[PDB]
């Protein structure tokens, strides 16, 4: 992996990002969820790199990236991605994928950097903003995690993140996810929780998208359910919708080969030299 200070148009103008960059050819940037890190895309990065260049950063405040206290807006995270692409000399078009919060970041990127997208991959996410109670729950999480760390988040989220079959067949995946959460920097978690609370409604952005979009969801996703994601996909032009069997909210980890294949075959259609 690499760690580089990038220039970003978001406050504070420069930030150190840790990232993986594996493969050659057409660039695919994959954005993790909350409160995870780049390692949740490891299987896809290690497999797709035979055909694509796969870039997987830790977002600001997560993993090994710099922590910027306060509020980490989805826009700021998108600005950081643009700055990373600039650093790397990826100044033309990319495919951008995101899971959950990473999907929120992808919408912020599409809003601001439309001309840099060859395609979007939206996994286990939604375009609407937080409801008022959800916003308040962000704030409650932020205030507590600063002091207690993320153990209480792992306790609340793990049962909602993966399906029954994953608990049975893949306890090692459960434990990897748990360690991602437990290791997340407390102030990075807080800043992103507050940022998510203030993200805009992206509902009306979706019909205005100008690139092919793959929408992926676990069959048993308890957080962003398949019915809801299918309806979201119906609002996006040039969309393809895929349900991954025997996965919950984290298909890339729960059913890595299925996710890799779905992404690979779509990329072959979209992302050409």
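Numbering follows the first chain given and starts at 1.
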*Between the two ranges 18 to 26 and 252 to 260, the one averaging a larger CA B factor in the entry*: 18 to 26
*Which wins on mean Cα temperature factor, 121 to 129 or 87 to 95?*
87 to 95
*Among 216, 67, 222, 54, which residue carries the highest C-alpha B-factor recorded in the PDB entry?*
67
*Among 182, 197, 71, 81, single out the one with the highest C-alpha B factor in the record, please.*
71
*Determine, from the deposited record, the chain-internal third of the Cα B-factor for residue 173: lowest, middle or highest.*
highest
_Third assignment of residue 45 from its chain's C-alpha B-factors_ = middle
*asked:* Could you place residue 209 in the lowest, middle or highest third of its chain by Cα temperature factor, using the values in the record?
replied: middle
*Compare the C-alpha B factor of residue 158 with those of the other modelled residues in its chain, then answer lowest, middle or highest third.*
highest
_Taking only the Cα B-factors deposited for this chain, tell me whether residue 237 sits in the lowest, middle or highest third._
middle
